[PDB]
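Two forms of a single protein chain come next, each set out by itself as structure tokens; they are called structure 1 and structure 2.
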Structure 1
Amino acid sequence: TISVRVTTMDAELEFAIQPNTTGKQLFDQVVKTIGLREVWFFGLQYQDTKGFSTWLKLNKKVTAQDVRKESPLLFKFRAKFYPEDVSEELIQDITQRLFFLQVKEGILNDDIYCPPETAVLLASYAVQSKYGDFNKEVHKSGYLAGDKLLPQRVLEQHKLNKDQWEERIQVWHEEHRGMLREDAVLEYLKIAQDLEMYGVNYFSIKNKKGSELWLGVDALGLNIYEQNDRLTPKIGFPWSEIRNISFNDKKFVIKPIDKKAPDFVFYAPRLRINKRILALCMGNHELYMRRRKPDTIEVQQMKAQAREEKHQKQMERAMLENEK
């Protein structure tokens, strides 16, 4: 039997599996352990035998995928898909917290572009989540001096020092007094989800002519970007307009729903990456159609459980808040 370590954005988990264990059986233990039921967004990422970041396929034996000759096997539990609207679609506090931490990681390392003024508001919600209500006795000058709060490109391209950035974040921290940490997490996600790069998987492609471009795959559809501008799509293909996505030997074809419009063609060189593109397209299209049908009874019951858990946590805080 095989020892496994799974890291979420804020937890270490240890498991032992049979060598016959599928992805789905390992994944099911992870989500049961952390109490996550919104499982459709998530997957297990690992570094393969060549050092490439790889999604574990749930419908295959773990040890048959290109996992390393390590012990224990290491995985990262991460969101693979994003909702169109966090308010509507992230039901559980755990789901909200794991999206929050994964997105904030990508904001702070400059993976997800964020203008300075937005970075300050995001940081103010991250502070409310970490520290709770501002109190001028504890949150003295320097209270944020030890925190990674802004993207490096925001800290670089300005001549404000550490102290001036902390003062700007504090103004908004003070404004969030009375906000539950979980409500700050949600307000963070509501701002982040409107960023141009939020929830976009980028891939390096060419058109027929050989112009170097980017493909974006996201919740809403496909986008084509100029090489030097990953913020503004030059062309958009909503999932509602895509009949089929396929590739054969570097050549991708996007067939439209309107059978009289032409196909869109692009080229991507790596078989490994082309499979990953196809999997994100099929996964994003399936969730696009699913969120346009009515909530399953299962989802209604998760919504109920979440609302009751939230009501219960309020009662407990009411009881403690009262004692003194």
Structure 2
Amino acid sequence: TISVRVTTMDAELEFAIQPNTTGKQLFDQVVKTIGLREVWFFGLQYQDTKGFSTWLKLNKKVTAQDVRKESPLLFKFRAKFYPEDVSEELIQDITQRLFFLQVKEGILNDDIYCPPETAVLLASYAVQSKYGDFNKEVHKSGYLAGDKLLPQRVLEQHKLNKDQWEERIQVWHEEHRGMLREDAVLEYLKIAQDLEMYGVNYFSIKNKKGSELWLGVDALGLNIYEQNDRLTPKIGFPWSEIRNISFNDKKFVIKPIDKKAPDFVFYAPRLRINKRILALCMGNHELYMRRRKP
């Protein structure tokens, strides 16, 4: 047997698997173990032999994929796809929690830009979720001292120390008195899903003339961003306008639904990137359609 460790946003699982095991079998054990039924959003990521974050293909054997030969094999269980609306698509407690911890992580690390006012309101919901109702008896001075409440950028812009921050956040924690932990998690996700960079997979791409740009792939479609502005896309293609996608090495070609319009073509710096773009377009397109006409 092959030793395996699978880490979710708040849990660690140890599994021993036969060489015969395929990604799909490993995935099933994990979702089975954690009691997760809304599996279509998730995937298992691993570092490959080259050192690249890669999604484990479910139709192939684990051992046949370029997993970093070591023991145990280390995988991260993460959401690969995001719902269009959290209040209608994340039905379970484990699903909401997982999305919340992953989204919060991106906010805290500045992967997803979040303005200061919103970052503080998010921090206060995250506090209510972690601590429940503020209680003057338990939550004494310093109760938030070990928490990562805000992105570094927000801390650097305000002339406040750690204690002032924790006093301002306490006031807000106190404000959500009575709100259940699950409702604070949901409220946090409702606000976070409106952020411009929320749920967007960004890819460095070039047009014919060699201009450096960003391709964004998300639940709703494909977007093109100026190199310096990942918050406001300049061009967009809804799924219903795309009939076929494909790549030839660094060249990617997107064929429109008609015949009059030309092919939307761009170039990725690596084939690896185009493979990821294809996988992501396919997955978001399928789930997009499946929500509308099931």
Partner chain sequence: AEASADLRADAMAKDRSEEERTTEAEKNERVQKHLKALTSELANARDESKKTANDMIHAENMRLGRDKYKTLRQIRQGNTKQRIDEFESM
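Structure 1's sequence is the ruler for residue numbers, which start at 1. By rigid core we mean the largest C-alpha set that fits within 1.5 Å across both forms.
Assignment of forms: the chain in structure 2 is the form solved in complex with the partner chain, the chain in structure 1 is not. Note: rigid core superposed between structure 1 and structure 2; among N201, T118, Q92, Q170, the CA shift is 2 Å or more only at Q170.
With the core held fixed between structure 1 and structure 2, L160 has its Cα displaced by at least 2 Å. After superposing the rigid core, the C-alpha of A261 moves by 2 Å or more between structure 1 and structure 2.
In the core-superposed comparison between structure 1 and structure 2, the C-alpha atom of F81 has shifted by less than 2 angstroms. Summarising the core-aligned comparison between structure 1 and structure 2, the C-alpha atom of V185 is found to shift 0.2 Å. Core superposition gives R68 a CA displacement of 1.2 Å between structure 1 and structure 2.
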